[PDB]
Amino acid sequence: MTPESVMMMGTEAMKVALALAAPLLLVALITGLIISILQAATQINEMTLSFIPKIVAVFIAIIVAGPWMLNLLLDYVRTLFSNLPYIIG
Amino acid sequence: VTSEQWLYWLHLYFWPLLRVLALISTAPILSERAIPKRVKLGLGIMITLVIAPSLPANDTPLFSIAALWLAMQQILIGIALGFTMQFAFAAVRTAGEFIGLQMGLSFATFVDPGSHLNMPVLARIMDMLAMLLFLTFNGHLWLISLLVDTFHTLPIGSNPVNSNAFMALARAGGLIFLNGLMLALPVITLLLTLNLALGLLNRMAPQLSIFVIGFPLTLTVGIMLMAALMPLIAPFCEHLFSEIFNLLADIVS
Amino acid sequence: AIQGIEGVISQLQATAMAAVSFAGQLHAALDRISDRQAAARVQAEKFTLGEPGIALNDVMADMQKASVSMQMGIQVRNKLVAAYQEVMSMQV
Amino acid sequence: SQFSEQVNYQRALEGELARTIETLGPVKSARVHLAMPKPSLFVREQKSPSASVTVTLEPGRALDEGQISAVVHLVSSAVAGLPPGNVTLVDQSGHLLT
Amino acid sequence: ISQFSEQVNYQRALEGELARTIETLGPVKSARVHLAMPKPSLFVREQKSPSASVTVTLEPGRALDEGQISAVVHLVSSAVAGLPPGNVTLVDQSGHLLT
Amino acid sequence: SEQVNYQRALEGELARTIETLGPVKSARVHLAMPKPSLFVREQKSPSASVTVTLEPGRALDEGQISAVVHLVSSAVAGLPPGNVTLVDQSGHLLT
Amino acid sequence: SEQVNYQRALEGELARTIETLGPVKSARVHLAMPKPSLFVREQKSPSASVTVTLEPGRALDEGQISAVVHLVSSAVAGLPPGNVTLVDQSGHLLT
Amino acid sequence: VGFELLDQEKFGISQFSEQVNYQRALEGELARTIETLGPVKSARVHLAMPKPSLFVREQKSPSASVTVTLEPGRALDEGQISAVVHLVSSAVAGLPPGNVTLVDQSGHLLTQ
Amino acid sequence: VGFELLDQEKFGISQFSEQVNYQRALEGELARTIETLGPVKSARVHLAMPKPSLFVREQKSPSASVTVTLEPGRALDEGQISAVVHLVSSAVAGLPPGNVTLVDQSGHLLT
Amino acid sequence: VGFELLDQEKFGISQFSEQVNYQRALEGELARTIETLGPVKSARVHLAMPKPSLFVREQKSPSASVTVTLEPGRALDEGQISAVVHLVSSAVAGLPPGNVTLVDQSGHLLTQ
Amino acid sequence: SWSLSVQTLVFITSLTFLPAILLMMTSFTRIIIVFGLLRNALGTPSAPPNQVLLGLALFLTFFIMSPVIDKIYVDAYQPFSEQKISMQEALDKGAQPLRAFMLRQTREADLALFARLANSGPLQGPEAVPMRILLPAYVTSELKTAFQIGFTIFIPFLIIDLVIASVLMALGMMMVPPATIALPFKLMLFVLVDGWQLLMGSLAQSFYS
């Protein structure tokens with residue numbers, strides 16, 4: 001009820017969002033950086049060949065860590081809906 | 001006996017109802033479409049039932065241009081109060097949308113302005129957070145109390161009016177921008193530095209950077225930055241509400 | 001209640017320091033109409049009883065007046081309900 | 001911030017007023033404190049602003065009744081809607097001159 | 001600088017300047033002013049009047065005149081929007097209430 | 001946090017001025033600033049506890065007790081003097 | 001976390017001042033602050049437990065017990081003195 | 001460890017983790033004060049914070065179990081038992097004394 | 001066997017894990033204190049904390065099984081059986097003593 | 001197995017897996033304690049933890065099967081059999097003792 | 001007591017205000033606001049059709065207001081039907097349990113505000129509050145509680161859209177709308193975590209707590 005509780009609500013929610021999005025974004029960033037440094041080493045420059053492995057890497061990311069995200073988000077929503085009638089004002 | 005003078009009761013219960021309902025239809029949270037219309041009408045009716053008997057009853061007939069002037073006055077007062085209150089949420093929405101646009105979340109606006117493709121999701125997040133904070137600080141009760149109080153300052157009866165006062169509400173349009181800049185400032189600046197950092201990377205081997213490495217990094221950095229910046233809005237939320245409230249108190253009179 | 005009497009003395013102190021409504025009017029009108037109807041009915045039953053002094057003229061006239069008062073109450077209720085329905089139909 | 005701007009304006013006015021008060025012959029140094037009224041989140045009410053002026057006089061340089069008057073006028077005029085009667089003038093010994 | 005911070009800083013600055021002027025007063029060697037500015041709430045009618053506490057240290061034997069106490073009262077009250085004099089307390093270095 | 005910090009800073013300054021009183025060697029001020037309740041019959045109000053350490057034998061005058069009360073009460077928005085407790089280093093209630 | 005930290009800081013400072021009191025060698029304060037409610041009925045009063053260790057033979061006077069009570073009660077928003085328990089190093093309730 | 005465990009500067013997996021840490025710290029400090037007392041050589045405090053139902057407005061209350069190890073032959077006074085009870089009850093929001101159990105190193109119940 | 005024992009397990013821990021770990025930690029500490037009781041050489045505590053169900057008109061309560069190994073010939077006193085019961089019951093939110101079973105190393109029910 | 005089994009947990013763990021692992025661990029620890037009782041050389045516990053529903057007509061309470069191997073000639077006492085029953089029943093949320101079966105290495109039912 | 005004609009007239013007239021009682025004196029407002037907000041959250045403004053949600057809200061209100069209705073029937077309707085309590089006293093007797101139910105769920109701040117707006121004297125206990133003060137205080141408290149519940153409801157459905165947009169933006173697909181991708185995932189979430197049982201139970205507890 002108190003504004004401290006509200007702002008905590010937003011923080012924990014958006015940290016959950018950060019945890020959900022961090023693996024995919026970080027995998028894409030690492031793949032892009034690796035392809036870019038390889039291009040710099042080989043002196044190859046086409047703006048389209050960096051887009052190819054990124055999709056494959058990010059799609060594999062759901063294969064490997066997808067169940068973890070799905071279990072984390074469901075637990076968050078379940079706990080939020082269960083604690084809903086105790087943060088009422 | 002068995003009089004029950006109806007015109008007296010109607011004139012006593014009408015104009016306060018007009019002002020209360022005019023505030024209701026525009027005041028934030030009390031004007032959200034999710035409330036059924038009958039609930040809003042009943043709240044206005046009950047508030048008027050509580051308030052009106054204490055006020056001096058007016059005797060101007062409903063079939064006169066004076067009644068039209070009175071109705072216009074009540075509508076103006078109600079919409080002015082509600083809109084001045086709404087300005088703070090407008091400012092919060094502006095700050096959130098700008099943080100989100102510096103995230104690169106909606107890049108299609110820079111190339112196709114107003115092209116039916118825009119999602120200010122951060123703006124919505126902080127808008128609903130601001131609504132929750134406003135609910136916590138009981139701002140709506142204050143709004144109702146000030147709606148009641150503006151009578152003593154400005155009675156139902158037609159009273160003369162001023163000018164630059166309207167400018168004040170219009171000049172409040174500056175606040176939406178001015179306060180929005182500060183909220184952002186605590187994050188956009190660092191994001192700016194990040195973009196500057198990306199520039200240093202592009203000053204190296206040409207191409208092979210930006211649109212491939214900049215976007216995910218800046219998205220994650222914006223996310224964690226403003227996630228850490230979330231505790232900061234609440235003092236600024238109270239500052240915004242106080243600014244709107246004392247501006248209203250000073251200018252309505 | 002003991003606390004209720006405490007509240008009464010508190011309101012008396014409030015009056016000391018300091019030194020009807022539409023629903024009330026409707027309740028008063030209903031009570032008046034019902035009292036008139038009950039008076040007419042009681043006089044009619046007294047006449048039917050055979051008790052001396054009650055004239056058929058007065059019985060019939062009082063029944064007439066009670067019927068008129070009932071019809072007045074019905075019309076007032078009808079309008080009042082119509083006005084309430086009109087107000088609740090307003091779009092906000 | 002606007003509030004910061006308002007504080008700065010209040011301080012500057014105080015400074016200039018003290019300055020002119022000192023420049024006056026009998027006055028060696030002046031100190032002006034302004035209380036501008038405030039807004040409320042509810043209820044109408046003006047609070048005619050108020051001023052407190054402390055003067056230090058030159059050895060034995062007592063201020064004339066006319067002098068108190070002129071100090072009063074200047075301070076009142078320099079503050080939008082300052083009712084003279086809300087200006088207090090005091091000496092270095094704590095005597096109320098107004 | 002937060003909106004709250006901005007206010008607290010304003011309060012501190014006012015306290016400082018008031019103490020300053022009080023000290024400049026001949027008999028006063030040092031002054032200390034504490035302001036309590038109150039809070040508006042949606043559960044009360046007349047907001048509580050602000051209050052002030054003033055501690056003075058006098059020069060050896062420099063007792064303050066009744067008028068000296070009065071003038072101090074006036075200055076402190078005026079410097080605080082809506083400060084009712086009766087809510088200004090003046091105390092010496094020995095703990096004697098001068099007001 | 002902003003509020004709690006305000007509380008700590010105020011407590012500190014009040015203790016400071018109290019020590020700056022001839023007979024007082026050190027002061028400790030505790031403030032209880034809470035939220036009130038309307039129509040709860042007898043609610044309550046903000047409260048203060050002041051502990052003073054005196055100089056060897058420097059007993060505080062009744063006036064001294066009164067001036068401490070006034071200062072602490074004024075420094076706290078809406079502090080009713082009667083809710084200020086003053087105690088010495090031996091545990092004697094001076095108020 | 002912010003609240004729990006505030007509670008442990010208040011406990012610390014209170015123990016600190018209590019130890020300052022001459023006869024007291026060390027103090028330990030435990031606060032039980034309950035859940036607040038903004039409805040029209042739900043309300044509960046907080047409680048405190050204070051353990052003091054005295055200097056060899058330094059028995060606390062009645063007035064002393066009274067002053068400890070006052071200080072602890074004031075430092076906790078809405079703490080009814082009667083909910084402050086004071087105990088010595090031997091387990092005697094000075095309350 | 002008590003508050004020290006909280007001061008290890010370790011990420012709180014979740015509110016639940018924070019709550020567990022708080023419970024542990026309170027237990028630690030309470031045991032600490034209980035030992036400090038003369039006759040007590042070591043103390044162990046276990047707290048059970050309760051949980052609400054689903055649609056039942058009927059409510060319950062927390063419980064505590066305190067195990068003390070005494071110094072050779074240092075039997076606790078009735079008043080002592082009473083003071084331990086008071087301290088533990090006060091340290092737990094809404095702890096009804098009657099839900100505090102005090103036991104010695106031999107398994108004798110010192111309370112009721 | 002240790003509060004801090006499960007205070008790690010990296011992350012990616014479905015809350016289910018968080019609860020199970022708490023249960024294990026509580027079991028460990030309870031066994032620990034029970035061992036501290038003089039006559040007790042080692043203790044083993046098993047908790048059955050029911051996961052709430054909205055199927056029964058009212059909520060069910062948990063249960064505990066306590067196995068103690070005594071020092072050679074160190075028989076537990078009735079009052080001792082009572083104190084073990086109290087401690088275990090209190091340590092479990094809403095544990096009705098009557099649902100605490102205490103058994104010795106030979107399989108004698110002390111409860 | 002048992003508590004140690006739930007250590008090297010790969011991120012990919014379905015709730016189903018979580019539960020099954022919890023069941024395994026409980027089985028392991030229970031068998032362990034049952035071996036601790038003197039006469040028992042090895043124990044094997046099987047738990048059947050199922051769905052609850054609500055229709056009183058068809059309710060299937062949790063069930064357990066316990067197989068014990070005794071030391072040469074170490075027959076279990078009636079009281080012992082009772083204590084095994086109590087322990088297993090308590091360790092399983094809502095396990096009605098009457099649904100615990102205890103059997104020896106020769107196939108004699110020790111319970112009922 | 002009133003004549004039978006007057007009693008029939010009053011009964012028929014009072015039968016009119018049933019929607020007003022349902023909306024302004026009953027648990028209907030919070031449930032309907034929460035349902036509207038949730039429908040706004042999932043991105044399907046016409047999904048459960050208004051009639052389906054209205055029927056569900058009516059059944060929920062009937063299940064929630066059951067003890068209040070039972071108390072009214074046992075204390076007011078039963079004596080009135082047995083000619084023990086007059087028609088003008090059954091209303092007063094039955095308005096008390098509803099008043100108590102409205103009070104418990106209301107808030108101090110609203111009560112204080114509407115006690116001040118009426119210029120009424122001090123209300124030392126809740127037993128001095130009339131209906132003219134409790135009605136709008138209860139209405140405002142219900143509106144605020146419903147909006148709080150809905151606004152904490154809204155957060156996960158916006159979190160999903162945020163992460164969807166960020167993931168789409170990592171790969172450079174800046175011209176893909178995020179709402180169209182997020183809607184199936186929001187539906188999947190609301191399917192997985194017992195979208196309705198948890199919400200139903202949370203609302204029911206929110207009343208009985």
# chains A, B, ... in the order shown; residues from 1 in each chain; ligands from 1

$ residues_around --residues "residue E:43" --least-positions-apart "3" --cutoff "12 Å" --atoms "only C-alpha atoms" --output "list in words"
residues 138, 141, 142 and 145 of chain B; 42 of chain D; 39, 40, 46 and 47 of chain E; 35, 36, 37, 38 and 39 of chain F; 107, 108, 109, 110, 111, 112, 113, 114, 115, 116 and 117 of chain K

$ calpha_fit_and_write --fixed "chain F" --moving "chain G" --output "PDB file with C-alpha atoms, in the first residue's frame"
ATOM      1  CA  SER G   1      13.675   6.156   3.697  1.00  0.00           C
ATOM      2  CA  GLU G   2      13.092   9.891   3.019  1.00  0.00           C
ATOM      3  CA  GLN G   3      10.988  10.178   6.213  1.00  0.00           C
ATOM      4  CA  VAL G   4      13.355   8.102   8.432  1.00  0.00           C
ATOM      5  CA  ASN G   5      16.237  10.314   7.205  1.00  0.00           C
ATOM      6  CA  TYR G   6      14.223  13.474   8.050  1.00  0.00           C
ATOM      7  CA  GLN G   7      13.558  12.081  11.557  1.00  0.00           C
ATOM      8  CA  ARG G   8      17.277  11.318  12.170  1.00  0.00           C
ATOM      9  CA  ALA G   9      18.301  14.808  10.893  1.00  0.00           C
ATOM     10  CA  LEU G  10      15.791  16.532  13.229  1.00  0.00           C
ATOM     11  CA  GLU G  11      17.061  14.391  16.147  1.00  0.00           C
ATOM     12  CA  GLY G  12      20.664  15.392  15.336  1.00  0.00           C
ATOM     13  CA  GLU G  13      20.022  19.163  15.140  1.00  0.00           C
ATOM     14  CA  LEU G  14      17.937  19.139  18.352  1.00  0.00           C
ATOM     15  CA  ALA G  15      20.681  17.270  20.259  1.00  0.00           C
ATOM     16  CA  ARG G  16      23.138  19.806  18.766  1.00  0.00           C
ATOM     17  CA  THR G  17      21.298  22.898  20.120  1.00  0.00           C
ATOM     18  CA  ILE G  18      20.723  21.158  23.512  1.00  0.00           C
ATOM     19  CA  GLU G  19      24.509  20.534  23.878  1.00  0.00           C
ATOM     20  CA  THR G  20      25.063  24.237  23.012  1.00  0.00           C
ATOM     21  CA  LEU G  21      23.219  25.101  26.287  1.00  0.00           C
ATOM     22  CA  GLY G  22      26.060  25.884  28.774  1.00  0.00           C
ATOM     23  CA  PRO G  23      25.525  23.141  31.457  1.00  0.00           C
ATOM     24  CA  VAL G  24      25.099  20.416  28.731  1.00  0.00           C
ATOM     25  CA  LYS G  25      28.195  18.487  27.541  1.00  0.00           C
ATOM     26  CA  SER G  26      26.333  16.122  25.166  1.00  0.00           C
ATOM     27  CA  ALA G  27      22.674  15.467  24.277  1.00  0.00           C
ATOM     28  CA  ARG G  28      20.801  12.513  22.748  1.00  0.00           C
ATOM     29  CA  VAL G  29      17.247  12.962  21.324  1.00  0.00           C
ATOM     30  CA  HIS G  30      14.935  10.104  20.333  1.00  0.00           C
ATOM     31  CA  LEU G  31      11.710  10.920  18.481  1.00  0.00           C
ATOM     32  CA  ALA G  32       8.715   8.600  18.135  1.00  0.00           C
ATOM     33  CA  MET G  33       6.570  10.037  15.296  1.00  0.00           C
ATOM     34  CA  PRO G  34       3.396   7.875  14.739  1.00  0.00           C
ATOM     35  CA  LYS G  35       1.375   6.986  11.587  1.00  0.00           C
ATOM     36  CA  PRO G  36      -0.832   9.900  10.314  1.00  0.00           C
ATOM     37  CA  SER G  37      -4.535   9.329   9.418  1.00  0.00           C
ATOM     38  CA  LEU G  38      -6.767  11.543   7.195  1.00  0.00           C
ATOM     39  CA  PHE G  39     -10.087   9.972   8.329  1.00  0.00           C
ATOM     40  CA  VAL G  40     -12.369  11.597  10.981  1.00  0.00           C
ATOM     41  CA  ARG G  41     -11.146   9.823  14.178  1.00  0.00           C
ATOM     42  CA  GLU G  42      -7.747   8.025  14.032  1.00  0.00           C
ATOM     43  CA  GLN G  43      -5.051  10.330  15.586  1.00  0.00           C
ATOM     44  CA  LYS G  44      -2.121   9.849  18.047  1.00  0.00           C
ATOM     45  CA  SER G  45       0.337  12.378  19.590  1.00  0.00           C
ATOM     46  CA  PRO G  46       4.138  11.925  19.045  1.00  0.00           C
ATOM     47  CA  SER G  47       6.684  11.525  21.885  1.00  0.00           C
ATOM     48  CA  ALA G  48      10.308  12.466  22.635  1.00  0.00           C
ATOM     49  CA  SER G  49      13.040  11.194  24.979  1.00  0.00           C
ATOM     50  CA  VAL G  50      15.978  13.501  25.703  1.00  0.00           C
ATOM     51  CA  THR G  51      19.089  12.318  27.550  1.00  0.00           C
ATOM     52  CA  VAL G  52      21.557  15.019  28.640  1.00  0.00           C
ATOM     53  CA  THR G  53      25.088  14.652  29.978  1.00  0.00           C
ATOM     54  CA  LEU G  54      25.952  17.615  32.204  1.00  0.00           C
ATOM     55  CA  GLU G  55      29.342  19.239  32.850  1.00  0.00           C
ATOM     56  CA  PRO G  56      30.874  18.107  36.234  1.00  0.00           C
ATOM     57  CA  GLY G  57      28.252  19.360  38.759  1.00  0.00           C
ATOM     58  CA  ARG G  58      26.389  21.597  36.263  1.00  0.00           C
ATOM     59  CA  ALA G  59      22.818  20.894  37.546  1.00  0.00           C
ATOM     60  CA  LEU G  60      20.063  22.126  35.140  1.00  0.00           C
ATOM     61  CA  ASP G  61      17.763  24.825  36.607  1.00  0.00           C
ATOM     62  CA  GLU G  62      13.954  24.413  36.641  1.00  0.00           C
ATOM     63  CA  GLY G  63      13.696  27.145  33.964  1.00  0.00           C
ATOM     64  CA  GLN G  64      16.362  25.239  32.026  1.00  0.00           C
ATOM     65  CA  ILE G  65      14.275  22.018  32.073  1.00  0.00           C
ATOM     66  CA  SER G  66      11.342  24.213  30.931  1.00  0.00           C
ATOM     67  CA  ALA G  67      13.277  25.687  27.951  1.00  0.00           C
ATOM     68  CA  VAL G  68      14.533  22.233  26.825  1.00  0.00           C
ATOM     69  CA  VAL G  69      10.894  21.050  26.953  1.00  0.00           C
ATOM     70  CA  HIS G  70       9.686  24.034  24.873  1.00  0.00           C
ATOM     71  CA  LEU G  71      12.407  23.639  22.191  1.00  0.00           C
ATOM     72  CA  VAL G  72      11.896  19.867  21.723  1.00  0.00           C
ATOM     73  CA  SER G  73       8.066  20.210  21.675  1.00  0.00           C
ATOM     74  CA  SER G  74       8.132  23.032  19.072  1.00  0.00           C
ATOM     75  CA  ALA G  75      10.591  21.176  16.782  1.00  0.00           C
ATOM     76  CA  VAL G  76       8.096  18.281  16.337  1.00  0.00           C
ATOM     77  CA  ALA G  77       4.806  19.009  14.534  1.00  0.00           C
ATOM     78  CA  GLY G  78       2.061  18.570  17.176  1.00  0.00           C
ATOM     79  CA  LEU G  79       4.356  17.448  20.023  1.00  0.00           C
ATOM     80  CA  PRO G  80       2.488  17.954  23.344  1.00  0.00           C
ATOM     81  CA  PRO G  81       5.186  19.066  25.866  1.00  0.00           C
ATOM     82  CA  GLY G  82       3.830  16.553  28.409  1.00  0.00           C
ATOM     83  CA  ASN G  83       5.144  13.809  26.012  1.00  0.00           C
ATOM     84  CA  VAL G  84       8.778  15.076  26.301  1.00  0.00           C
ATOM     85  CA  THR G  85      10.905  13.167  28.832  1.00  0.00           C
ATOM     86  CA  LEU G  86      14.224  14.730  29.950  1.00  0.00           C
ATOM     87  CA  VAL G  87      16.759  12.492  31.780  1.00  0.00           C
ATOM     88  CA  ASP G  88      20.336  13.063  33.026  1.00  0.00           C
ATOM     89  CA  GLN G  89      23.480  10.865  32.731  1.00  0.00           C
ATOM     90  CA  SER G  90      22.655   9.189  36.124  1.00  0.00           C
ATOM     91  CA  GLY G  91      19.055   8.261  35.136  1.00  0.00           C
ATOM     92  CA  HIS G  92      17.285  11.066  37.090  1.00  0.00           C
ATOM     93  CA  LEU G  93      14.105  12.232  35.368  1.00  0.00           C
ATOM     94  CA  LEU G  94      14.398  16.050  35.270  1.00  0.00           C
ATOM     95  CA  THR G  95      10.699  15.757  34.250  1.00  0.00           C
TER      96      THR G  95
END

$ residues_around --residues "residue I:93" --least-positions-apart "5" --cutoff "10 Å" --atoms "only C-alpha atoms" --output "PDB file with C-alpha atoms, in the first residue's frame"
ATOM      1  CA  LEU H  47      10.788 -18.910  15.106  1.00  0.00           C
ATOM      2  CA  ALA H  48       7.717 -20.095  13.190  1.00  0.00           C
ATOM      3  CA  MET H  49       6.054 -17.157  11.403  1.00  0.00           C
ATOM      4  CA  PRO H  50       2.463 -18.305  10.488  1.00  0.00           C
ATOM      5  CA  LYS H  51       0.613 -18.202   7.099  1.00  0.00           C
ATOM      6  CA  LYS H  60      -3.731 -17.612  14.093  1.00  0.00           C
ATOM      7  CA  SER H  61      -0.366 -16.341  15.500  1.00  0.00           C
ATOM      8  CA  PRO H  62       3.435 -17.051  15.422  1.00  0.00           C
ATOM      9  CA  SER H  63       5.305 -19.482  17.724  1.00  0.00           C
ATOM     10  CA  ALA H  64       8.804 -19.747  19.226  1.00  0.00           C
TER      11      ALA H  64
ATOM     12  CA  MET I  49       4.331 -29.524   5.146  1.00  0.00           C
ATOM     13  CA  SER I  61      -2.230 -29.171   8.994  1.00  0.00           C
ATOM     14  CA  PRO I  62       1.392 -30.484   8.739  1.00  0.00           C
TER      15      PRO I  62
END

$ select_by_dssp --residues "chain A" --states "alpha helix (DSSP H)" --output "count of residues only"
73

$ residues_around --residues "stretch 33-45 of chain A" --least-positions-apart "6" --cutoff "10 Å" --atoms "only C-alpha atoms" --output "number ranges by chain"
A: 27, 51-54; B: 204-209, 212-214

$ residues_around --residues "residue K:24" --least-positions-apart "5" --cutoff "8 Å" --atoms "only C-alpha atoms" --output "list in words"
residues 39 and 42 of chain B; 29, 135 and 139 of chain K

$ write_last_selection --atoms "N, CA, C and O atoms" --output "JSON list (two decimals), in the first residue's frame"
[["chain", "number", "residue", "atom", "x", "y", "z"],
["B", 39, "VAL", "N", -21.93, 4.43, -12.23],
["B", 39, "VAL", "CA", -21.15, 4.60, -11.00],
["B", 39, "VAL", "C", -20.69, 6.05, -10.86],
["B", 39, "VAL", "O", -20.78, 6.65, -9.78],
["B", 42, "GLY", "N", -23.71, 8.25, -10.07],
["B", 42, "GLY", "CA", -24.12, 8.09, -8.68],
["B", 42, "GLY", "C", -23.16, 8.74, -7.70],
["B", 42, "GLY", "O", -23.59, 9.30, -6.69],
["K", 29, "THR", "N", -18.93, -3.27, -8.17],
["K", 29, "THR", "CA", -18.10, -2.26, -8.82],
["K", 29, "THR", "C", -16.66, -2.72, -8.95],
["K", 29, "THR", "O", -16.05, -2.61, -10.02],
["K", 135, "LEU", "N", -21.73, 6.06, 2.51],
["K", 135, "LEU", "CA", -21.99, 5.73, 1.10],
["K", 135, "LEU", "C", -20.87, 6.20, 0.18],
["K", 135, "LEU", "O", -20.22, 5.35, -0.45],
["K", 139, "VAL", "N", -17.85, 4.08, -1.71],
["K", 139, "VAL", "CA", -17.74, 4.09, -3.17],
["K", 139, "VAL", "C", -16.31, 4.45, -3.59],
["K", 139, "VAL", "O", -15.71, 3.80, -4.46]]

$ residues_around --residues "residue D:97" --least-positions-apart "6" --cutoff "10 Å" --atoms "only C-alpha atoms" --output "number ranges by chain"
D: 53-55, 62-65, 67-69, 88-91; E: 71

$ residues_around --residues "residue I:63" --least-positions-apart "5" --cutoff "8 Å" --atoms "only C-alpha atoms" --output "list in words"
residues 47, 48, 49, 95, 96, 99 and 100 of chain I; 90, 91 and 93 of chain J

$ closest_residue --among "D:3, D:66, D:36, D:45" --to "residue B:239" --atoms "only C-alpha atoms"
D:3

$ closest_residue --among "A:88, A:23, A:83, A:72" --to "residue H:54" --atoms "only C-alpha atoms"
A:83

$ closest_atom_pairs --of "chain J" --to "chain A" --cutoff "8 Å" --atoms "only C-alpha atoms" --output "tab-separated table"
residue	atom	partner	partner_atom	distance
J:11	CA	A:68	CA	6.1
J:12	CA	A:67	CA	6.0
J:13	CA	A:67	CA	7.5
J:14	CA	A:67	CA	7.4

$ write_last_selection --atoms "C-alpha atoms" --output "short mmCIF file (atom, residue, chain, number, x, y, z; two decimals), in the first residue's frame"
data_model
loop_
_atom_site.label_atom_id
_atom_site.label_comp_id
_atom_site.auth_asym_id
_atom_site.auth_seq_id
_atom_site.Cartn_x
_atom_site.Cartn_y
_atom_site.Cartn_z
CA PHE J 11 18.49 -25.19 -15.91
CA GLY J 12 16.12 -27.40 -17.97
CA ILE J 13 13.98 -28.80 -15.11
CA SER J 14 10.20 -29.16 -15.74
#

$ closest_atom_pairs --of "chain D" --to "chain E" --cutoff "6 Å" --atoms "only C-alpha atoms" --output "CSV"
residue,atom,partner,partner_atom,distance
D:33,CA,E:79,CA,6.0
D:34,CA,E:79,CA,5.9
D:35,CA,E:79,CA,4.8
D:37,CA,E:81,CA,5.4
D:50,CA,E:78,CA,5.4
D:51,CA,E:78,CA,5.9
D:52,CA,E:75,CA,5.1
D:92,CA,E:25,CA,4.6
D:93,CA,E:26,CA,5.2
D:94,CA,E:68,CA,4.1
D:95,CA,E:67,CA,5.8
D:96,CA,E:71,CA,5.7
